[PDB]
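start39.cif follows (mmCIF, C-alpha atoms and all ligand atoms):
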data_run
loop_
_atom_site.label_atom_id
_atom_site.label_comp_id
_atom_site.auth_asym_id
_atom_site.auth_seq_id
_atom_site.Cartn_x
_atom_site.Cartn_y
_atom_site.Cartn_z
CA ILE A 1 -42.90 -15.42 -14.74
CA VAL A 2 -41.88 -18.86 -13.35
CA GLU A 3 -42.51 -19.66 -9.67
CA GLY A 4 -44.06 -16.28 -8.94
CA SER A 5 -47.40 -15.30 -7.49
CA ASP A 6 -50.41 -13.21 -8.45
CA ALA A 7 -49.76 -9.50 -8.07
CA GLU A 8 -51.88 -7.49 -5.66
CA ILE A 9 -54.11 -4.82 -7.16
CA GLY A 10 -52.03 -1.70 -7.81
CA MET A 11 -48.82 -3.44 -6.80
CA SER A 12 -46.98 -2.48 -10.02
CA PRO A 13 -48.82 0.59 -11.37
CA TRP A 14 -46.00 1.33 -13.78
CA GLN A 15 -46.53 -2.04 -15.50
CA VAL A 16 -47.20 -1.74 -19.22
CA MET A 17 -48.25 -4.37 -21.73
CA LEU A 18 -46.93 -4.04 -25.28
CA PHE A 19 -49.78 -5.30 -27.45
CA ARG A 20 -49.75 -6.24 -31.13
CA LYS A 21 -52.75 -4.81 -32.99
CA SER A 22 -53.19 -7.64 -35.51
CA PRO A 23 -53.18 -10.43 -34.51
CA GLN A 24 -54.17 -9.10 -31.08
CA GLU A 25 -51.51 -10.57 -28.79
CA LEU A 26 -49.10 -9.89 -25.94
CA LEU A 27 -45.66 -8.96 -27.24
CA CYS A 28 -43.67 -7.86 -24.21
CA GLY A 29 -43.68 -5.98 -20.98
CA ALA A 30 -42.69 -2.35 -20.51
CA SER A 31 -42.86 0.35 -17.85
CA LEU A 32 -44.29 3.82 -17.38
CA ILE A 33 -41.66 6.45 -16.55
CA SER A 34 -43.74 9.62 -17.11
CA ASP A 35 -47.15 10.54 -18.47
CA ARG A 36 -45.85 10.29 -22.07
CA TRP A 37 -42.86 7.89 -21.95
CA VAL A 38 -42.65 4.10 -21.79
CA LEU A 39 -39.44 2.09 -21.37
CA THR A 40 -38.92 -1.39 -22.84
CA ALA A 41 -36.25 -3.70 -24.26
CA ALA A 42 -35.03 -2.96 -27.76
CA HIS A 43 -35.42 -6.61 -28.75
CA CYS A 44 -39.17 -6.32 -28.17
CA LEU A 45 -39.28 -3.93 -31.13
CA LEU A 46 -36.27 -4.82 -33.30
CA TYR A 47 -34.78 -8.30 -33.68
CA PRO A 48 -33.78 -9.00 -37.30
CA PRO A 49 -32.88 -12.67 -36.70
CA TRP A 50 -36.61 -13.29 -36.17
CA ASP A 51 -37.75 -10.81 -38.84
CA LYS A 52 -39.01 -8.49 -36.08
CA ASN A 53 -39.02 -4.75 -36.86
CA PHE A 54 -42.16 -3.11 -35.55
CA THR A 55 -43.30 0.36 -36.51
CA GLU A 56 -45.39 2.66 -34.35
CA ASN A 57 -48.70 1.77 -36.01
CA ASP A 58 -48.24 -1.96 -35.39
CA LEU A 59 -48.49 -1.62 -31.63
CA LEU A 60 -50.47 -0.36 -28.68
CA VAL A 61 -49.55 -0.08 -25.02
CA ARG A 62 -52.01 -1.05 -22.30
CA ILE A 63 -51.48 0.59 -18.91
CA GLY A 64 -53.10 -0.11 -15.54
CA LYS A 65 -53.74 -3.78 -16.26
CA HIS A 66 -54.02 -6.75 -13.94
CA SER A 67 -55.82 -9.43 -15.96
CA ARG A 68 -53.73 -10.69 -18.88
CA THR A 69 -56.55 -11.27 -21.38
CA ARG A 70 -59.55 -9.20 -20.23
CA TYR A 71 -60.38 -5.68 -21.39
CA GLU A 72 -60.38 -3.99 -17.97
CA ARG A 73 -63.06 -1.42 -18.58
CA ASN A 74 -62.78 1.76 -16.47
CA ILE A 75 -59.32 0.70 -15.22
CA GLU A 76 -56.84 0.16 -18.01
CA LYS A 77 -55.92 2.80 -20.54
CA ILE A 78 -54.84 2.04 -24.10
CA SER A 79 -52.37 4.39 -25.77
CA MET A 80 -51.06 4.76 -29.31
CA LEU A 81 -47.38 5.30 -30.08
CA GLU A 82 -46.05 8.55 -31.49
CA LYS A 83 -42.44 7.43 -31.90
CA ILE A 84 -40.08 4.55 -31.09
CA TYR A 85 -36.44 5.24 -30.13
CA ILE A 86 -33.95 2.36 -30.01
CA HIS A 87 -30.50 2.76 -28.51
CA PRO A 88 -28.15 3.44 -31.47
CA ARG A 89 -25.64 0.89 -30.17
CA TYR A 90 -28.14 -1.86 -29.34
CA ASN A 91 -26.31 -5.04 -30.31
CA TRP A 92 -28.89 -7.40 -31.76
CA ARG A 93 -26.21 -9.23 -33.74
CA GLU A 94 -24.29 -10.73 -30.80
CA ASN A 95 -25.52 -10.53 -27.20
CA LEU A 96 -28.30 -7.90 -26.85
CA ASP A 97 -25.87 -5.36 -25.39
CA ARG A 98 -27.72 -2.10 -24.63
CA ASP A 99 -31.16 -3.74 -24.86
CA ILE A 100 -33.20 -0.60 -24.30
CA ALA A 101 -35.84 1.40 -26.14
CA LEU A 102 -38.23 4.26 -25.42
CA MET A 103 -41.73 4.82 -26.74
CA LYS A 104 -43.38 8.24 -26.72
CA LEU A 105 -47.16 8.13 -26.44
CA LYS A 106 -49.43 10.14 -28.72
CA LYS A 107 -51.12 11.76 -25.71
CA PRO A 108 -50.43 11.73 -21.97
CA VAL A 109 -52.01 8.98 -19.90
CA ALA A 110 -53.99 10.00 -16.86
CA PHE A 111 -52.57 8.71 -13.59
CA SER A 112 -54.87 6.79 -11.24
CA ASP A 113 -54.79 4.24 -8.43
CA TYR A 114 -53.69 1.72 -11.10
CA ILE A 115 -51.44 3.92 -13.28
CA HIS A 116 -48.36 5.63 -11.86
CA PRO A 117 -44.72 6.03 -12.97
CA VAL A 118 -41.66 4.32 -11.55
CA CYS A 119 -38.48 6.24 -10.77
CA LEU A 120 -35.27 5.89 -12.72
CA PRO A 121 -32.14 5.52 -10.59
CA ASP A 122 -29.56 8.15 -9.85
CA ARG A 123 -25.91 7.15 -9.57
CA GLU A 124 -26.04 6.92 -5.78
CA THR A 125 -29.16 4.78 -5.62
CA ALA A 126 -27.64 2.46 -8.25
CA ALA A 127 -24.33 2.20 -6.40
CA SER A 128 -26.03 1.41 -3.10
CA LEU A 129 -28.60 -1.09 -4.33
CA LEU A 130 -27.00 -2.94 -7.27
CA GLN A 131 -25.13 -5.38 -5.06
CA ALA A 132 -24.98 -9.16 -5.06
CA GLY A 133 -27.58 -10.61 -2.72
CA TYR A 134 -29.87 -7.58 -2.84
CA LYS A 135 -33.27 -8.53 -4.21
CA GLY A 136 -35.38 -6.86 -6.85
CA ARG A 137 -38.80 -7.61 -8.20
CA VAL A 138 -39.81 -8.74 -11.68
CA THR A 139 -43.37 -8.61 -12.99
CA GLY A 140 -45.09 -9.72 -16.16
CA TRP A 141 -47.72 -11.72 -17.99
CA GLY A 142 -45.26 -14.11 -19.64
CA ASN A 143 -45.30 -17.87 -19.56
CA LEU A 144 -45.40 -19.71 -16.24
CA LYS A 145 -42.92 -22.39 -17.38
CA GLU A 146 -40.31 -22.74 -20.10
CA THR A 147 -42.09 -25.65 -21.80
CA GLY A 155 -48.99 -22.38 -18.96
CA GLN A 156 -50.08 -18.74 -19.13
CA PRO A 157 -51.38 -16.65 -16.23
CA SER A 158 -54.80 -15.18 -15.61
CA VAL A 159 -53.29 -12.09 -13.94
CA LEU A 160 -49.99 -10.26 -13.60
CA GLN A 161 -47.29 -12.31 -11.87
CA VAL A 162 -44.59 -11.12 -9.47
CA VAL A 163 -41.33 -12.71 -8.27
CA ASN A 164 -38.51 -11.33 -6.12
CA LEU A 165 -34.98 -12.40 -7.14
CA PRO A 166 -31.47 -11.68 -5.81
CA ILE A 167 -28.79 -9.94 -7.86
CA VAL A 168 -25.91 -12.35 -8.58
CA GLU A 169 -22.16 -11.76 -8.42
CA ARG A 170 -20.76 -10.82 -11.81
CA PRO A 171 -18.27 -13.74 -12.02
CA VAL A 172 -21.12 -16.20 -11.38
CA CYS A 173 -23.20 -14.51 -14.09
CA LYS A 174 -20.33 -14.80 -16.55
CA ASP A 175 -19.51 -18.40 -15.60
CA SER A 176 -23.10 -19.51 -16.19
CA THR A 177 -23.10 -18.86 -19.94
CA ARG A 178 -21.03 -18.83 -23.11
CA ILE A 179 -22.50 -15.44 -24.11
CA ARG A 180 -20.25 -12.40 -23.62
CA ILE A 181 -21.65 -10.41 -20.67
CA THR A 182 -21.11 -6.64 -20.67
CA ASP A 183 -21.21 -3.87 -18.10
CA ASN A 184 -24.62 -2.92 -19.53
CA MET A 185 -26.10 -6.15 -18.11
CA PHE A 186 -26.57 -7.63 -14.68
CA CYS A 187 -27.99 -11.02 -13.74
CA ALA A 188 -30.36 -12.22 -11.05
CA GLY A 189 -31.86 -15.43 -9.74
CA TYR A 190 -31.28 -18.10 -7.14
CA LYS A 191 -28.38 -20.53 -7.32
CA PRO A 192 -29.06 -24.28 -7.41
CA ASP A 193 -27.97 -24.69 -3.77
CA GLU A 194 -30.27 -21.91 -2.48
CA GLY A 195 -33.53 -23.90 -2.46
CA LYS A 196 -35.75 -21.15 -3.90
CA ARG A 197 -36.49 -20.63 -7.59
CA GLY A 198 -37.99 -18.17 -10.03
CA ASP A 199 -37.28 -16.33 -13.26
CA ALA A 200 -38.80 -14.31 -16.02
CA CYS A 201 -39.95 -16.20 -19.11
CA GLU A 202 -41.17 -15.63 -22.67
CA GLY A 203 -43.55 -12.67 -22.73
CA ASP A 204 -41.98 -10.95 -19.71
CA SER A 205 -39.11 -9.34 -21.60
CA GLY A 206 -39.13 -5.57 -21.72
CA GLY A 207 -40.73 -5.41 -18.27
CA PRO A 208 -39.15 -3.92 -15.20
CA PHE A 209 -36.77 -5.17 -12.48
CA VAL A 210 -37.53 -2.82 -9.60
CA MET A 211 -36.09 -2.20 -6.13
CA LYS A 212 -37.60 -0.23 -3.24
CA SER A 213 -35.05 2.21 -1.90
CA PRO A 214 -34.75 1.91 1.90
CA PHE A 215 -33.51 5.52 1.96
CA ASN A 216 -36.59 7.25 0.52
CA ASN A 217 -39.18 4.44 0.25
CA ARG A 218 -39.60 4.89 -3.53
CA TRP A 219 -39.50 2.23 -6.22
CA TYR A 220 -36.72 2.47 -8.81
CA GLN A 221 -36.37 0.57 -12.06
CA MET A 222 -32.86 -0.85 -11.97
CA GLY A 223 -33.24 -3.33 -14.83
CA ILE A 224 -35.18 -4.30 -17.93
CA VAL A 225 -36.02 -7.98 -18.48
CA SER A 226 -33.63 -8.77 -21.34
CA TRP A 227 -32.69 -12.43 -21.91
CA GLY A 228 -32.23 -15.87 -20.44
CA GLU A 229 -31.25 -19.33 -21.69
CA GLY A 230 -34.60 -21.00 -21.16
CA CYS A 231 -36.60 -20.05 -18.06
CA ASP A 232 -35.80 -20.95 -14.45
CA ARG A 233 -33.10 -23.45 -15.36
CA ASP A 234 -30.78 -24.64 -12.62
CA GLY A 235 -27.41 -22.92 -12.97
CA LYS A 236 -28.74 -20.28 -15.38
CA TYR A 237 -29.70 -16.71 -14.50
CA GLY A 238 -31.84 -14.02 -16.00
CA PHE A 239 -30.07 -11.07 -17.60
CA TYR A 240 -31.31 -7.51 -17.25
CA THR A 241 -30.38 -4.27 -18.99
CA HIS A 242 -28.53 -2.02 -16.54
CA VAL A 243 -30.80 1.03 -16.62
CA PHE A 244 -28.49 3.42 -14.81
CA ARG A 245 -25.59 2.70 -17.21
CA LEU A 246 -27.79 3.80 -20.13
CA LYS A 247 -29.50 6.72 -18.40
CA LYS A 248 -27.51 9.33 -20.33
CA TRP A 249 -29.10 8.03 -23.53
CA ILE A 250 -32.54 8.06 -21.88
CA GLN A 251 -32.02 11.67 -20.81
CA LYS A 252 -30.79 12.70 -24.27
CA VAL A 253 -33.87 11.25 -25.97
CA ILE A 254 -36.34 12.80 -23.55
CA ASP A 255 -34.54 16.17 -23.62
CA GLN A 256 -34.43 16.27 -27.43
CA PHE A 257 -37.88 14.87 -28.19
CA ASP B 1 -57.64 -15.70 -26.22
CA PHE B 2 -57.71 -11.94 -25.65
CA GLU B 3 -60.97 -10.06 -25.20
CA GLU B 4 -61.58 -7.64 -28.06
CA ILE B 5 -60.56 -4.08 -27.25
CA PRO B 6 -62.77 -1.12 -28.22
CA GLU B 7 -62.53 -0.41 -31.94
CA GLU B 8 -61.59 3.21 -31.21
CA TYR B 9 -58.04 2.14 -30.30
CA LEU B 10 -57.48 0.37 -33.60
CA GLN B 11 -58.54 3.20 -35.93
CA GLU C 6 -41.91 12.76 -11.89
CA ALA C 7 -41.58 14.27 -8.41
CA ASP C 8 -44.11 11.65 -7.28
CA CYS C 9 -42.45 8.73 -9.03
CA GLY C 10 -42.21 5.35 -7.36
CA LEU C 11 -44.86 5.99 -4.68
CA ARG C 12 -47.83 3.72 -5.36
CA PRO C 13 -51.33 5.15 -4.76
CA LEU C 14 -52.55 1.92 -3.13
CA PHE C 15 -49.42 1.29 -1.04
CA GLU C 16 -46.88 3.99 -0.17
CA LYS C 17 -49.38 6.82 -0.55
CA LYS C 18 -51.67 5.14 2.03
CA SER C 19 -48.87 3.68 4.20
CA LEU C 20 -49.89 0.13 3.29
CA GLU C 21 -47.30 -2.61 2.69
CA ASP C 22 -47.55 -5.22 -0.06
CA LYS C 23 -47.21 -8.85 0.90
CA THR C 24 -43.55 -9.35 -0.12
CA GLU C 25 -41.77 -5.99 -0.13
CA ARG C 26 -40.30 -6.85 3.27
CA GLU C 27 -38.33 -9.65 1.54
CA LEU C 28 -36.61 -6.93 -0.48
CA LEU C 29 -35.84 -4.76 2.55
CA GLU C 30 -34.40 -7.71 4.48
CA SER C 31 -31.94 -8.36 1.64
CA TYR C 32 -30.58 -4.80 1.75
CA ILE C 33 -27.92 -5.54 4.34
CA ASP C 34 -26.12 -2.16 4.36
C1 LIG D 1 -36.19 -1.55 -39.35
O1 LIG D 1 -37.28 -1.08 -40.18
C2 LIG D 1 -37.22 0.30 -40.55
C3 LIG D 1 -38.42 0.56 -41.43
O2 LIG D 1 -39.49 1.15 -40.71
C4 LIG D 1 -35.90 0.61 -41.25
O3 LIG D 1 -35.79 2.02 -41.47
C5 LIG D 1 -34.71 0.14 -40.42
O4 LIG D 1 -33.50 0.32 -41.15
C6 LIG D 1 -34.87 -1.33 -40.07
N1 LIG D 1 -33.74 -1.79 -39.28
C7 LIG D 1 -33.22 -3.01 -39.40
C8 LIG D 1 -32.04 -3.31 -38.51
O5 LIG D 1 -33.68 -3.85 -40.17
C1 LIG D 2 -34.52 -12.41 -17.85
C2 LIG D 2 -35.18 -13.36 -18.81
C3 LIG D 2 -35.34 -14.69 -18.42
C4 LIG D 2 -35.91 -15.59 -19.34
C5 LIG D 2 -36.32 -15.14 -20.59
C6 LIG D 2 -36.93 -16.12 -21.59
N1 LIG D 2 -35.86 -16.93 -22.28
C7 LIG D 2 -36.16 -13.82 -20.97
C8 LIG D 2 -35.58 -12.91 -20.05
NA NA D 3 -18.71 -17.79 -19.48
NA NA D 4 -31.85 -20.44 -12.67
#

Please express what this file holds, its structure, as structure tokens.
Ligand SMILES: *[C@@H]1O[C@H](CO)[C@@H](O)[C@H](O)[C@H]1NC(C)=O
Ligand SMILES: Cc1ccc(CN)cc1
Ligand code: NA
Ligand code: NA
Amino acid sequence: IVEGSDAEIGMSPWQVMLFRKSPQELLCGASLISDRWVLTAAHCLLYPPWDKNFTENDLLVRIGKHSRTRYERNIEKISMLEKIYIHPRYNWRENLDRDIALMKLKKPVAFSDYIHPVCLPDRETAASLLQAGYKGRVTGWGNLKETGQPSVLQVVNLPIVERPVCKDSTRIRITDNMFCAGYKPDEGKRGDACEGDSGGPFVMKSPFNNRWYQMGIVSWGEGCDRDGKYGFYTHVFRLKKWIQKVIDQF
Amino acid sequence: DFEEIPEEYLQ
Amino acid sequence: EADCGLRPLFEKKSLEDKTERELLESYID
């Protein structure tokens, strides 16, 4: 996260770290959506251009964390993966369209002050809140600058950007399964996700029911925190029918 | 530099 | 979950985090 701040304890209790077993390293963010299900970006698990194709046994998820590098004894919980599910129309060849994946845990994680699921949006919450100017919140342990790494989880609040501005900022083809967020050059505030934050959540706090909803997944950006560029996020509501199908079937 | 995690999670 | 999105250390205790108000102030509708 670029130009963010240290999270408060328990501020993002749905935060998940995707952790490579060997070498032991941070791979991506993710989020807890139930006691057995974790949501992330497909490209965190499958990206053939970089020879990335993880299997369940390659990975662990670490839940309830605050410190990036410490083993947070009596606080974090470490879970093994039963099965990975990648959206069948995830477009890794072109533009990361439908950049979404689910991971089912081998056993349920116990909730605590530090471990608690985020809500997924309904159509009405999405329609009300996914509007240009409305701010969401991005969290992660990724790099602090494009070109360095944080002691603890970082947080930044960023405004959703008008779709024509998103499209006009890039040569990549933007789809309805993406939205973008970040400040414009003229706005005099900054911030973005960066490498290591992808797969983590973009959340909004509904003013109707005071609950946090995951509206986006950190998906891609051209660099980090560049003037005139924006971060792109998977549109969670648009893909919720797939989410529901996977959880209902499996 | 990540602190080693308990071996139980790697078995 | 029925309890989703309500943080034990914040919403469940009626405590506000240091920047959530920035989000609310942007929801101009
Ligand atoms: C990814 O690897 C699995 C092997 O576990 C294979 O079945 C699958 O076809 C691979 N997909 C791609 C796009 O390489
Ligand atoms: C949203 C977002 C922003 C920056 C990156 C890193 N290039 C990834 C994802
Ligand atoms: Na364009
Ligand atoms: Na930018």

Problem set entry | Exercise answer, 7 Å around ligand LIG 1 (chain D) with all atoms listed in the file, as JSON, numbers by chain | {"A": [46, 48, 53, 55]}

For this session: List all protein, DNA and RNA residues that have any atom at most 7 Å from ligand NA 3 (chain D), counting all atoms listed in the file, and write the list as a PyMOL selection string.
Result: chain A and resi 174-180

Exercise. In Å, how far is it from CA of residue 84 (chain A) to CA of residue 65 (chain A)?
Worked result: 21.8 Å

For this session: Around ligand NA 4 (chain D), at most 6 Å away and counting all atoms listed in the file, which residues are there? Put them as a PyMOL selection string, please.
Result: chain A and resi 189+232-237

Residues from last step as file, C-alpha atoms, as a PDB file, keeping the file's coordinate frame:
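Final output, saved to part-v5.pdb:
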ATOM      1  CA  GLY A 189     -31.860 -15.430  -9.740  1.00  0.00           C
ATOM      2  CA  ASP A 232     -35.800 -20.950 -14.450  1.00  0.00           C
ATOM      3  CA  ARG A 233     -33.100 -23.450 -15.360  1.00  0.00           C
ATOM      4  CA  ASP A 234     -30.780 -24.640 -12.620  1.00  0.00           C
ATOM      5  CA  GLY A 235     -27.410 -22.920 -12.970  1.00  0.00           C
ATOM      6  CA  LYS A 236     -28.740 -20.280 -15.380  1.00  0.00           C
ATOM      7  CA  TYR A 237     -29.700 -16.710 -14.500  1.00  0.00           C
TER       8      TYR A 237
END

For this session: Output the contact residues of chain A with respect to chain B at a cut-off of 8 Å, based on all atoms listed in the file, as a list in words.
Result: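 Going by the stated atoms only, the list reads residues 21, 24, 25, 68, 69, 70, 71, 78, 79 and 80 of chain A.
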
Problem set entry | Atomic distance CA of residue 51 (chain A) - CA of residue 203 (chain A), expressed in Å with one decimal |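 It comes out at 17.2 Å.
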
For this session: Tell me which of A:93, A:145, A:218, A:245 sits closest to chain C, counting all atoms listed in the file.
Result: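 The closest residue to chain C is A:218.
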
For this session: Write out as a PyMOL selection string each polymer residue (protein, DNA or RNA) that has an atom no more than 6 Å from ligand LIG 2 (chain D), with only C-alpha atoms and all ligand atoms counted.
Result: chain A and resi 199-202+205+225-231+238-240

Let me see the file: selected residues, C-alpha atoms, as a short mmCIF file (atom, residue, chain, number, x, y, z; two decimals), keeping the file's coordinate frame.
data_model
loop_
_atom_site.label_atom_id
_atom_site.label_comp_id
_atom_site.auth_asym_id
_atom_site.auth_seq_id
_atom_site.Cartn_x
_atom_site.Cartn_y
_atom_site.Cartn_z
CA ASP A 199 -37.28 -16.33 -13.26
CA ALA A 200 -38.80 -14.31 -16.02
CA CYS A 201 -39.95 -16.20 -19.11
CA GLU A 202 -41.17 -15.63 -22.67
CA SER A 205 -39.11 -9.34 -21.60
CA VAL A 225 -36.02 -7.98 -18.48
CA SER A 226 -33.63 -8.77 -21.34
CA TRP A 227 -32.69 -12.43 -21.91
CA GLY A 228 -32.23 -15.87 -20.44
CA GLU A 229 -31.25 -19.33 -21.69
CA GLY A 230 -34.60 -21.00 -21.16
CA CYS A 231 -36.60 -20.05 -18.06
CA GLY A 238 -31.84 -14.02 -16.00
CA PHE A 239 -30.07 -11.07 -17.60
CA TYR A 240 -31.31 -7.51 -17.25
#

For this session: May I ask for the distance between CA of residue 165 (chain A) and CA of residue 198 (chain A), given in Å to one decimal place?
Result: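 If I compute the distance from CA of residue 165 (chain A) to CA of residue 198 (chain A), I get 7.1 Å.
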
Exercise. Neighbours of residue 26 (chain C) within 12 Å (only C-alpha atoms; same-chain residues fewer than 5 positions away dropped), as JSON, numbers by chain?
Worked result: {"A": [135, 136, 137, 164, 211, 212, 213, 214, 217], "C": [20, 21, 31, 32]}

Selection export as a PDB file, keeping the file's coordinate frame, atoms kept: C-alpha atoms:
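File part_2.pdb, as written:
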ATOM      1  CA  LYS A 135     -33.270  -8.530  -4.210  1.00  0.00           C
ATOM      2  CA  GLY A 136     -35.380  -6.860  -6.850  1.00  0.00           C
ATOM      3  CA  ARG A 137     -38.800  -7.610  -8.200  1.00  0.00           C
ATOM      4  CA  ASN A 164     -38.510 -11.330  -6.120  1.00  0.00           C
ATOM      5  CA  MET A 211     -36.090  -2.200  -6.130  1.00  0.00           C
ATOM      6  CA  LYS A 212     -37.600  -0.230  -3.240  1.00  0.00           C
ATOM      7  CA  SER A 213     -35.050   2.210  -1.900  1.00  0.00           C
ATOM      8  CA  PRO A 214     -34.750   1.910   1.900  1.00  0.00           C
ATOM      9  CA  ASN A 217     -39.180   4.440   0.250  1.00  0.00           C
TER      10      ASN A 217
ATOM     11  CA  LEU C  20     -49.890   0.130   3.290  1.00  0.00           C
ATOM     12  CA  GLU C  21     -47.300  -2.610   2.690  1.00  0.00           C
ATOM     13  CA  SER C  31     -31.940  -8.360   1.640  1.00  0.00           C
ATOM     14  CA  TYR C  32     -30.580  -4.800   1.750  1.00  0.00           C
TER      15      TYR C  32
END

For this session: For chain A, list the residues within 9 Å of chain C, counting all atoms listed in the file, and write the list as a count of residues only.
Result: 39
